[PDB]
Structures are given as structure tokens and as C-alpha cells.
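Contents: one structure, followed by commentary.
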Number of protein chains: 2
Amino acid sequence: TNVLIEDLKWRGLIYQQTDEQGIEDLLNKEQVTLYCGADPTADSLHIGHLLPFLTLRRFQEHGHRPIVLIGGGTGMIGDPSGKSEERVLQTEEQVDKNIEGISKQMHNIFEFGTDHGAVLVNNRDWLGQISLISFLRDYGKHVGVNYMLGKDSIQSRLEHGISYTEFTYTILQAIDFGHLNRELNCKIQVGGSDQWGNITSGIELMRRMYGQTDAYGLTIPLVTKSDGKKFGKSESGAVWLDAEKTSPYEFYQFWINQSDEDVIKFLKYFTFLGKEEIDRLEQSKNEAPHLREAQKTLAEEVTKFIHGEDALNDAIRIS
Amino acid sequence: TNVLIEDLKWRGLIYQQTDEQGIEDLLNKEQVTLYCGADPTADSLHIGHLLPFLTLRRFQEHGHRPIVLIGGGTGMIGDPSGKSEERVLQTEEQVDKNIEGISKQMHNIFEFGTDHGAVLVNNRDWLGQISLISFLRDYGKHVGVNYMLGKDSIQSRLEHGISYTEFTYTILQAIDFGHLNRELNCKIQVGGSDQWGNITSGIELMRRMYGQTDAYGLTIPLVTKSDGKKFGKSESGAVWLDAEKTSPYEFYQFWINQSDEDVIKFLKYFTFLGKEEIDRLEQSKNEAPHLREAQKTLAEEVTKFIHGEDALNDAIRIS
Ligand SMILES: N[C@@H](Cc1ccc(O)cc1)C(=O)N[C@H](C(=O)O)[C@H]1[C@H](O)[C@](O)(CO)[C@@H](O)CN1O
Ligand SMILES: N[C@@H](Cc1ccc(O)cc1)C(=O)N[C@H](C(=O)O)[C@H]1[C@H](O)[C@](O)(CO)[C@@H](O)CN1O
């Protein structure tokens, strides 16, 4: 038993684990409970969010469980990770409006509603309670400043000033992990490179609060185009997984006009084909580039997936 | 948490449980490990085997696990359940040949190969070992004759004589359940009406051997045609889920020419639609019978499933 660890590292989806061996272990023994999340900083996800939520499927595939968290709380604050400009808060309706969009997509990418499947959580439930005096007593006590001033994320901000709220974000997200680690049994936190800091911060506080209850962190990598030009950025800014911002036809194309270099890879990253199917599909590429098979299947795979069987047609029938 | 128990009894898939409440319970608490099996008495399954193995999916759907057992051992003996004529043994090649067929179908109906998914077991592994003196000591001791002479199955046989082997079958199958109950954690045994006796017999010996380690038995019902004529029996004897004995076109038809009375039901029994989709699909039936929607979708559902997306086409394109 250890095939899942096998394809996630063939397909190259492993940027870093906190404790390699430890993760390798429980994955080949117990049925883990890994989760991922996103704040409602928009009313639609974008292909940058496609990789991480798929890796959650990869896991679910072999008996494991995935938990999808929507930032109904940490959303209103926003994650300075990466950013090198302070954010700007947003209207209670704005957030509570956005989550209606993001939730409509997840619900389609994953299967919510079972007796023991994935779960959709919103942190405004546990962060919506906890008070000012409280937060300071119960959590702040064992969350030292030298540590926070250590998070890579923060410096870009420390450099041209980081407001206190951007600064008290990591503690908001640590509280989360812990809550799930103690509430749904969560032990692994999957997320992009931009989440190393927050992930780790979650386990560091899990240890202080009570000798780290078997928690670990996994990071999916950074999808890199071949030419060195921003995966996910069209003139039409991003490439939105929302039909009416980025359509199946526009969607379709994006994957079929995708370069041959960064092609098989993307096949591994976003398709549920096997090493065989790809092997062959890598072949058609390597010697009969005219039929343009790679670029084609990829497309029709991710499109039927994201957008539909029929809309795939509709898209193709417009091609 | 209790939706699965909800649709299995809406769709009517529950003929009987050994301990109703007890099953209701662990199903709304822990992720069960239910299994089902079939002896290689042929090299292809038939629609009579479609219901039970689907109900295993129903379960797997909500976090649970299914184990598919092939009778590589109890096969060579054959289950007198139902039968009212002694069986006839069969060639070691014959069995070892048949299982190649039956396994090719399961592998397509279920997903074998994961870190923690369903598992394919063959009992010739645990029954292939156990010796004559042994079997008598370790198992026979606490397997009283008055009990066996109680199994409904047996009397039909007791009436026109039951050979000892048909008689020592139930103990072969009890040993199984137990082995899985102690080996893979199995707690529920799903199978058709014709398996009540064997199922129960498995838990009765599990208790004697050691206070029944939390085992229960579930039975799917008997698919009944509307007219009262043998579901699954064509002139072409059965309706084989093997392409080259019962083809997608022949397959296709069988479901589209299926009567309107026993139609929505069969929709519930064999399709993964919702109560909604069916509601509507029950409607089209009830007032626009000309479009013949029920009979149609059913077909194309079960066909794409059993035989393929493309072969569905091929079938339709021959319709
Ligand atoms: N603080 C997190 C959100 C979070 C919310 C609650 C938690 O308890 C832990 C983290 C974040 O910044 N997420 C990105 C987002 O937009 O929501 C998102 C990124 O955009 C990403 O590319 C795909 O979602 C990858 O970094 C994974 N991420 O969660
Ligand atoms: N003794 C069982 C097989 C068995 C094998 C190993 C076990 O440890 C327990 C039982 C039997 O008779 N099965 C049917 C078959 O043909 O294999 C089969 C029936 O045909 C059925 O209709 C669908 O498979 C339903 O009764 C479920 N059944 O298992």
C-alpha cells in the first residue's frame, strides 16, 4: 500500500512536506483527512485554483477524505501571502455574495452531501464566535512575535509597512487547522506554495497548545508555463472557471492552444488518465504532431470536467 | 448523518437486515466495510448479479468500503441455495477459467487498485489451506447439525436427498465472513434473498467462535418483472453482461423495451439519478408516454455503465 504517494510524485505535484516520512507513513496505514480552502476574494475561482482542488480528488480517490473550507471569515481580512501592497477590506455583502459563487463551483468539482465524504466548512462559524479578550487569552498567549516576524510572506509587507490585520492573519488560519485537526480529525493541509507559511504556522501552534496532534503540511507546486508567461493570465485578466466570465469555448481553446512543451505535464497535473494513456499520448506528440492529440484530449478532458459533457460539445461545435 | 439508509429504502433495496437498528447505527457513525461475492459458476455475470454489486456502489458512495469476493473455492462446490437438484462439480480449469471472465467484469464495475478502496479477494486462499482434520477441529466443533438442518435452502435438497458436500457448503461460507470480519474488518454482508441462510450462518458461527465481533447481514430484494416473467431470462437464456454473449444492442433493447409498469422502479434500482431526476422522469412517463423517456434514459444509463460510452453509441446507431 503506497500507490497514491506514487502518482502524486510522478505527476510532480509535491513541492514540499513538513515531515516527509511521517506523511509517507500514515498515508500507507490510515485513511487520512486532508483539507484545503480559499477566501471569497472573488465570485469565481480561476485555473490557479484548479491544481490544488484536483489534488484533493487524487487523495479522495484512494479512500481518503477531503474538506473544502471557504473563507467566510479570513476572507474579510485577506491573505497578504505573496502580496506586496496592503489589501483593502470588503463589504459584508461582497464577501457573503462571493461565497455564493465559489461554493457553486466547488459543489460541482467535489461531491458534497454524503454520510462520510468530503465536507464543506466556512470558517466564519468558529471565527465568528471567538472574542477580543478571548482570542488574546486562549490563542495569542502561545503565539510569539518572533515567529510571525519569521514568515517569508510578511517581510515583503514589513518592507513597506504591514498593517496589524494582515499581521494577525496567520493566527486566524492557525486557529482553523487546529479546529479541524480537533474537530474533523484533519491531519494534512494541502495548498499552494503561497501557503507554506500559513500551513506551518498552523502546526506550530498545534504543538504549543498541545504536543502537535499528528498534523502535517503538504504543498502542491507552482504551475509554470514553458515560455515564462503567467499561467492563468489572459488579456481577459484571468481564465475564470465561471462560465459567464470565461466560457467553455474560451476555456476549450486555452488548453488546445497550450504549448507542446508544457503539455504532457499539464496532462499529469490536471487529467485523471493513467501513466499508460499519457505514455501513448506523449508518443502521438513526439512523432505525429499534426494530429495534435495531446493538446486536444487535455482540452476535452478538463473541459468536460470543469464545464460539462454537452457544453464541451457546444464549445467544440464552435471551435 | 443517515442519508444512505435513506435512499436504499426509498429505492426499495432492503429485503432484510439481521439487526435493523444495529445496522442503522454503525452506518450513521463509522465507515462500514461491506462485501459481496459470487462463485465462478460461469465466465460472465448476468443482470441478476447487477442489482447486488450496484448496491455495493451505493454504499461506497458515502465513504464506506466494498470487498468483492470471487468463489475460487466454494465455486468448485456450488451453492445449493435455491437449487432443488444436486449440482455437478467442475474441472479445475473450468473454474480457474471462469474467474478470468467474472473478474474482468467486476474490475470494470468497481475500482480495484487503490490504497484504501474496494478489494478483490478469492476464497481459494483461505479455503485452499485448511485441512480435513483441521476444519473438523477448529470450525466443525461449534457448528451444530440441528442448525444446518434449519437452513431453508437445504430442505428442498433434504427432500430428494442432499449430498454431504452441498450440506457442508454453509460452513465454507461462514468461515469466509468470519475471515473477513477478522481480516479486513468486514461487518456487513450484502447479497440476494437466496443468501439469507448463508449470511446468517456466518454470524451464528462468529458468535460461537467468539461473541459476534459486530457482524450484521443485509439482503437486497428480488427484481420482479411486472407480468410475472423471470427477470433476466431471454430465449438466449440469460442476458449476459459479457459483450460477446449478450451485446450492447441486445443489451440496449432489453432495457428500452422494458415495461412501463416495472420502469421507474428499475430506474431507482439500477440508475444513479436522484429522486428529482426520477420524479421528472416519472412524469414524462405519466403524461407524454410517446417520447418514451423513462425506458430510454434507463437504457442509456445502464448501457453506458455496463458497456461503454462509445458502444452505447454503436448500439444506439444500430437501434
Ligand atoms: N489563506 C488561504 C485561504 C485559507 C482559508 C482558511 C484556512 O483555514 C486556510 C487558508 C489562501 O490564501 N488561499 C488561496 C485563495 O485564494 O483562497 C488559494 C490560492 O489561490 C491557491 O492557488 C488555490 O486555492 C493555493 O495557494 C491554495 N489557496 O488556498
Ligand atoms: N454462496 C454465494 C457466493 C459466496 C461466495 C463466498 C462467500 O464468502 C459468500 C457467498 C452465492 O450463491 N452467490 C451468487 C453467485 O452466483 O455467486 C450470487 C447470486 O447469483 C446473486 O443474485 C448476485 O451475485 C445474489 O444472490 C448474490 N450472490 O452472491
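Residues in the C-alpha cells are numbered from 1 in each chain, the chains being A, B, ... in the order shown, and ligands are numbered from 1 in the order shown.
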Secondary structure check, alpha helix (DSSP H) residues of region 253-301 of chain B, as a PyMOL selection string: chain B and resi 253-256+264-270+275-287+293-301
Residue neighbourhood residue 8 (chain A), 12 Å, only C-alpha atoms, exclusion window fewer than 2 positions, as an MDAnalysis selection string: chainID A and resid 2:6 10:16 24 51:52 54:59 61 218:221 268:270 272 275
Those residues you just picked out, can you put them in a file as a PDB file, in the first residue's frame with N, CA and C atoms?
ATOM      1  N   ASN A   2       0.851   2.034  -1.105  1.00  0.00           N
ATOM      2  CA  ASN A   2       1.609   3.305  -1.264  1.00  0.00           C
ATOM      3  C   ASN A   2       1.587   3.805  -2.734  1.00  0.00           C
ATOM      4  N   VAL A   3       0.484   3.554  -3.422  1.00  0.00           N
ATOM      5  CA  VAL A   3       0.427   3.962  -4.817  1.00  0.00           C
ATOM      6  C   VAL A   3       0.129   5.438  -4.994  1.00  0.00           C
ATOM      7  N   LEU A   4      -0.710   5.983  -4.109  1.00  0.00           N
ATOM      8  CA  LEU A   4      -1.083   7.389  -4.179  1.00  0.00           C
ATOM      9  C   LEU A   4       0.186   8.213  -4.064  1.00  0.00           C
ATOM     10  N   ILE A   5       1.013   7.952  -3.054  1.00  0.00           N
ATOM     11  CA  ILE A   5       2.271   8.692  -2.907  1.00  0.00           C
ATOM     12  C   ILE A   5       3.051   8.527  -4.182  1.00  0.00           C
ATOM     13  N   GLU A   6       2.772   7.439  -4.888  1.00  0.00           N
ATOM     14  CA  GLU A   6       3.438   7.140  -6.134  1.00  0.00           C
ATOM     15  C   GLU A   6       3.098   8.055  -7.293  1.00  0.00           C
ATOM     16  N   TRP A  10       4.905  11.419  -9.368  1.00  0.00           N
ATOM     17  CA  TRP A  10       5.298  11.079 -10.734  1.00  0.00           C
ATOM     18  C   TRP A  10       4.831  12.317 -11.473  1.00  0.00           C
ATOM     19  N   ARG A  11       3.558  12.640 -11.255  1.00  0.00           N
ATOM     20  CA  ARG A  11       2.911  13.797 -11.832  1.00  0.00           C
ATOM     21  C   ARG A  11       3.540  15.100 -11.359  1.00  0.00           C
ATOM     22  N   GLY A  12       4.450  14.995 -10.387  1.00  0.00           N
ATOM     23  CA  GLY A  12       5.190  16.132  -9.844  1.00  0.00           C
ATOM     24  C   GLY A  12       4.485  17.102  -8.909  1.00  0.00           C
ATOM     25  N   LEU A  13       3.322  16.719  -8.398  1.00  0.00           N
ATOM     26  CA  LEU A  13       2.538  17.554  -7.501  1.00  0.00           C
ATOM     27  C   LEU A  13       3.032  17.773  -6.062  1.00  0.00           C
ATOM     28  N   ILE A  14       4.302  17.503  -5.771  1.00  0.00           N
ATOM     29  CA  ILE A  14       4.797  17.686  -4.399  1.00  0.00           C
ATOM     30  C   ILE A  14       5.962  18.678  -4.251  1.00  0.00           C
ATOM     31  N   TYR A  15       5.624  19.915  -3.893  1.00  0.00           N
ATOM     32  CA  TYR A  15       6.612  20.966  -3.708  1.00  0.00           C
ATOM     33  C   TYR A  15       7.308  20.820  -2.397  1.00  0.00           C
ATOM     34  N   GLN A  16       6.558  20.447  -1.355  1.00  0.00           N
ATOM     35  CA  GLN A  16       7.120  20.193  -0.011  1.00  0.00           C
ATOM     36  C   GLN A  16       6.175  19.662   1.080  1.00  0.00           C
ATOM     37  N   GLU A  24       4.418  10.025   4.498  1.00  0.00           N
ATOM     38  CA  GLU A  24       4.523   8.802   3.722  1.00  0.00           C
ATOM     39  C   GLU A  24       3.884   7.713   4.552  1.00  0.00           C
ATOM     40  N   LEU A  51      -5.429  23.310  -9.898  1.00  0.00           N
ATOM     41  CA  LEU A  51      -4.471  22.336  -9.400  1.00  0.00           C
ATOM     42  C   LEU A  51      -4.829  21.882  -7.940  1.00  0.00           C
ATOM     43  N   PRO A  52      -4.588  22.719  -6.896  1.00  0.00           N
ATOM     44  CA  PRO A  52      -4.927  22.299  -5.525  1.00  0.00           C
ATOM     45  C   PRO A  52      -6.230  21.547  -5.284  1.00  0.00           C
ATOM     46  N   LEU A  54      -7.875  19.754  -7.301  1.00  0.00           N
ATOM     47  CA  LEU A  54      -7.817  18.464  -8.011  1.00  0.00           C
ATOM     48  C   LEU A  54      -6.992  17.527  -7.148  1.00  0.00           C
ATOM     49  N   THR A  55      -5.824  17.963  -6.697  1.00  0.00           N
ATOM     50  CA  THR A  55      -5.015  17.143  -5.823  1.00  0.00           C
ATOM     51  C   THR A  55      -5.851  16.632  -4.666  1.00  0.00           C
ATOM     52  N   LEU A  56      -6.934  17.304  -4.317  1.00  0.00           N
ATOM     53  CA  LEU A  56      -7.761  16.808  -3.225  1.00  0.00           C
ATOM     54  C   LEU A  56      -8.511  15.576  -3.712  1.00  0.00           C
ATOM     55  N   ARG A  57      -8.864  15.580  -4.998  1.00  0.00           N
ATOM     56  CA  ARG A  57      -9.519  14.433  -5.646  1.00  0.00           C
ATOM     57  C   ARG A  57      -8.541  13.247  -5.653  1.00  0.00           C
ATOM     58  N   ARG A  58      -7.328  13.491  -6.140  1.00  0.00           N
ATOM     59  CA  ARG A  58      -6.281  12.493  -6.181  1.00  0.00           C
ATOM     60  C   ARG A  58      -6.314  11.747  -4.863  1.00  0.00           C
ATOM     61  N   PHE A  59      -6.328  12.494  -3.773  1.00  0.00           N
ATOM     62  CA  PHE A  59      -6.375  11.867  -2.473  1.00  0.00           C
ATOM     63  C   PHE A  59      -7.702  11.106  -2.349  1.00  0.00           C
ATOM     64  N   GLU A  61      -9.578   9.823  -4.047  1.00  0.00           N
ATOM     65  CA  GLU A  61      -9.592   8.648  -4.888  1.00  0.00           C
ATOM     66  C   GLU A  61      -9.303   7.365  -4.089  1.00  0.00           C
ATOM     67  N   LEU A 218       1.317  19.688   3.371  1.00  0.00           N
ATOM     68  CA  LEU A 218       1.735  19.319   2.007  1.00  0.00           C
ATOM     69  C   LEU A 218       1.533  20.528   1.106  1.00  0.00           C
ATOM     70  N   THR A 219       2.425  20.751   0.135  1.00  0.00           N
ATOM     71  CA  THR A 219       2.258  21.877  -0.791  1.00  0.00           C
ATOM     72  C   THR A 219       2.336  21.367  -2.203  1.00  0.00           C
ATOM     73  N   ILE A 220       1.392  21.789  -3.029  1.00  0.00           N
ATOM     74  CA  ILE A 220       1.357  21.453  -4.445  1.00  0.00           C
ATOM     75  C   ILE A 220       2.298  22.504  -5.004  1.00  0.00           C
ATOM     76  N   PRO A 221       2.883  22.273  -6.181  1.00  0.00           N
ATOM     77  CA  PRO A 221       3.805  23.271  -6.721  1.00  0.00           C
ATOM     78  C   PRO A 221       3.139  24.454  -7.380  1.00  0.00           C
ATOM     79  N   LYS A 268      -0.552  15.352 -16.788  1.00  0.00           N
ATOM     80  CA  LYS A 268      -0.341  14.706 -15.497  1.00  0.00           C
ATOM     81  C   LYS A 268      -1.027  15.505 -14.353  1.00  0.00           C
ATOM     82  N   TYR A 269      -0.726  16.799 -14.296  1.00  0.00           N
ATOM     83  CA  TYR A 269      -1.285  17.717 -13.317  1.00  0.00           C
ATOM     84  C   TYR A 269      -2.827  17.769 -13.263  1.00  0.00           C
ATOM     85  N   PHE A 270      -3.495  18.006 -14.393  1.00  0.00           N
ATOM     86  CA  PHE A 270      -4.977  18.140 -14.424  1.00  0.00           C
ATOM     87  C   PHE A 270      -5.890  17.005 -14.954  1.00  0.00           C
ATOM     88  N   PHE A 272      -7.087  12.794 -15.248  1.00  0.00           N
ATOM     89  CA  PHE A 272      -7.134  11.531 -14.496  1.00  0.00           C
ATOM     90  C   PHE A 272      -6.836  10.336 -15.452  1.00  0.00           C
ATOM     91  N   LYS A 275      -0.634   6.402 -16.427  1.00  0.00           N
ATOM     92  CA  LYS A 275       0.715   6.639 -16.912  1.00  0.00           C
ATOM     93  C   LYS A 275       0.789   6.057 -18.320  1.00  0.00           C
TER      94      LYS A 275
END
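Any residue of chain B with an atom within 8 Å of chain A counts; using only C-alpha atoms, that gives residues 1, 2, 3, 4, 28, 31, 61, 62, 63, 64, 114, 115, 116 and 117 of chain B.
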Polymer residues at most 7 Å from region 79-90 of chain B, only C-alpha atoms, same-chain spacing of 5 or more positions, as a PyMOL selection string: chain B and resi 95+153+156-157+162+166+169+194
Spatial neighbours of residue 316 (chain B), 9 Å, only C-alpha atoms, chain gap at least 5 places, as a count of residues only: 5
Two-atom distance - CA of residue 271 (chain A), CA of residue 301 (chain A) (Å):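 Straight-line distance from CA of residue 271 (chain A) to CA of residue 301 (chain A) works out to 6.6 Å.
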Close residues to ligand 1 using only C-alpha atoms and all ligand atoms, limit 7 Å, as a list in words: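 After applying the 7 Å limit, what remains is residues 36, 37, 38, 39, 40, 41, 48, 49, 50, 52, 69, 70, 71, 74, 79, 81, 123, 173, 174, 176, 177, 191, 192, 193, 194, 195 and 198 of chain A.
Counting only C-alpha atoms, residue 213 (chain B) has the following residues at most 10 Å away, ignoring those fewer than 2 positions along the same chain: residues 178, 181, 182, 185, 186, 187, 203, 206, 207, 209, 210, 211, 215 and 216 of chain B.
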Nearest to ligand 2 by atom-to-atom distance, counting only C-alpha atoms and all ligand atoms, from B:223, B:97, B:131, B:204: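 Using only C-alpha atoms and all ligand atoms, the shortest distance to ligand 2 belongs to B:223.
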Residue with smallest distance to residue 17 (chain A) - pool A:78, A:217, A:140, A:72, counting only C-alpha atoms: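 Of A:78, A:217, A:140, A:72, the one nearest residue 17 (chain A), counting only C-alpha atoms, is A:217.
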Exercise: residue 241 (chain B) partners within 8 Å, only C-alpha atoms, chain neighbours under 4 positions left out, as a PyMOL selection string: chain B and resi 44-47+105+245-247+306
Export, as a compact mmCIF listing (two decimals), in the first residue's frame, the selected residues with C-alpha atoms.
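So out.txt came out as:
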# COMPACT_ATOMS: atom_id res chain seq x y z
CA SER B 44 -19.75 -13.95 -17.20
CA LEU B 45 -22.19 -12.41 -14.82
CA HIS B 46 -25.81 -11.78 -15.77
CA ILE B 47 -28.25 -8.95 -14.90
CA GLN B 105 -16.34 -7.55 -15.36
CA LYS B 245 -22.85 -13.44 -25.21
CA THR B 246 -25.22 -10.52 -24.74
CA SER B 247 -24.28 -7.47 -26.80
CA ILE B 306 -22.12 -1.75 -18.14
For CA of residue 22 (chain A) and CA of residue 122 (chain A), the interatomic separation in Å (one decimal):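 Separating CA of residue 22 (chain A) from CA of residue 122 (chain A) is a distance of 28.4 Å.
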Test item: residues at most 10 Å from region 282-285 of chain B, only C-alpha atoms, excluding those fewer than 6 positions along its chain, as a PyMOL selection string: chain B and resi 260-261+263-265+267+275-276+291-295
Please produce a file of those selected residues containing N, CA and C atoms, as a compact mmCIF listing (two decimals), in the first residue's frame.
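Saved the output as selection-v1.txt:
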# COMPACT_ATOMS: atom_id res chain seq x y z
N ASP B 260 -43.43 -0.28 -18.95
CA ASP B 260 -43.66 0.97 -18.23
C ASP B 260 -44.03 0.74 -16.76
N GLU B 261 -44.75 -0.34 -16.45
CA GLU B 261 -45.07 -0.56 -15.05
C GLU B 261 -43.77 -0.72 -14.30
N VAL B 263 -41.02 0.17 -14.61
CA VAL B 263 -39.98 1.04 -15.14
C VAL B 263 -39.26 2.02 -14.18
N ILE B 264 -40.00 2.91 -13.52
CA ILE B 264 -39.37 3.88 -12.63
C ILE B 264 -38.56 3.17 -11.54
N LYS B 265 -39.15 2.07 -11.06
CA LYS B 265 -38.56 1.21 -10.04
C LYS B 265 -37.18 0.86 -10.50
N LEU B 267 -35.50 2.09 -12.49
CA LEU B 267 -34.73 3.34 -12.56
C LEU B 267 -34.02 3.55 -11.20
N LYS B 275 -33.71 11.61 -6.69
CA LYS B 275 -35.14 11.44 -6.52
C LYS B 275 -35.82 12.47 -7.41
N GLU B 276 -35.09 13.55 -7.69
CA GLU B 276 -35.60 14.63 -8.52
C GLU B 276 -35.69 14.22 -9.96
N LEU B 291 -42.87 9.98 -26.04
CA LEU B 291 -41.46 10.22 -26.17
C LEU B 291 -40.69 9.09 -25.57
N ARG B 292 -41.39 8.25 -24.82
CA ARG B 292 -40.76 7.10 -24.16
C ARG B 292 -39.41 7.46 -23.52
N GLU B 293 -39.46 8.44 -22.61
CA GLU B 293 -38.27 8.93 -21.92
C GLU B 293 -37.69 8.01 -20.86
N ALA B 294 -38.56 7.47 -20.01
CA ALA B 294 -38.16 6.56 -18.95
C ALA B 294 -37.36 5.44 -19.61
N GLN B 295 -38.07 4.57 -20.31
CA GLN B 295 -37.45 3.44 -20.99
C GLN B 295 -36.17 3.81 -21.73
Atom-to-atom span, CA of residue 126 (chain A) and CA of residue 96 (chain A), Å: 16.0 Å
Run DSSP on the backbone and grab whatever in region 89-294 of chain B lands in strand (DSSP E); send it over as a compact mmCIF listing (two decimals) with N, CA, C and O atoms, in the first residue's frame.
# COMPACT_ATOMS: atom_id res chain seq x y z
N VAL B 119 -11.74 -4.14 -2.35
CA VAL B 119 -10.71 -5.15 -2.50
C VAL B 119 -11.28 -6.37 -3.17
O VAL B 119 -12.45 -6.71 -2.95
N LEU B 120 -10.48 -7.02 -4.01
CA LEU B 120 -10.93 -8.23 -4.68
C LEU B 120 -10.21 -9.36 -3.98
O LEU B 120 -8.98 -9.40 -3.96
N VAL B 121 -11.00 -10.25 -3.37
CA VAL B 121 -10.49 -11.41 -2.64
C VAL B 121 -10.99 -12.68 -3.38
O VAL B 121 -12.00 -12.65 -4.12
N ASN B 122 -10.27 -13.79 -3.20
CA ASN B 122 -10.64 -15.05 -3.81
C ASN B 122 -10.53 -16.03 -2.65
O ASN B 122 -9.46 -16.18 -2.09
N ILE B 188 -20.64 -6.13 7.58
CA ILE B 188 -21.93 -6.34 6.89
C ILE B 188 -21.72 -7.20 5.65
O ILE B 188 -20.75 -7.04 4.91
N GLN B 189 -22.66 -8.11 5.43
CA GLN B 189 -22.61 -8.98 4.26
C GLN B 189 -23.89 -8.72 3.47
O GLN B 189 -25.01 -8.91 3.97
N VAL B 190 -23.68 -8.22 2.25
CA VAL B 190 -24.75 -7.88 1.33
C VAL B 190 -24.84 -8.96 0.29
O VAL B 190 -23.81 -9.48 -0.15
N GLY B 191 -26.07 -9.36 -0.02
CA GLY B 191 -26.30 -10.38 -1.03
C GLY B 191 -27.79 -10.56 -1.22
O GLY B 191 -28.59 -10.07 -0.42
N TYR B 216 -23.23 -8.10 10.89
CA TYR B 216 -24.64 -7.97 10.54
C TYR B 216 -24.84 -8.40 9.10
O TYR B 216 -23.90 -8.33 8.31
N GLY B 217 -26.07 -8.73 8.73
CA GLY B 217 -26.34 -9.15 7.36
C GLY B 217 -27.45 -8.37 6.70
O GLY B 217 -28.50 -8.15 7.31
N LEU B 218 -27.25 -7.97 5.44
CA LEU B 218 -28.23 -7.18 4.67
C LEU B 218 -28.59 -7.96 3.42
O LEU B 218 -27.72 -8.64 2.86
N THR B 219 -29.86 -7.91 2.98
CA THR B 219 -30.26 -8.61 1.76
C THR B 219 -30.95 -7.64 0.84
O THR B 219 -31.79 -6.88 1.29
Residue among B:133, B:160, B:94, B:179 lying closest to ligand 2, counting only C-alpha atoms and all ligand atoms: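 Looking at the shortest contact to ligand 2, the residue is B:179.
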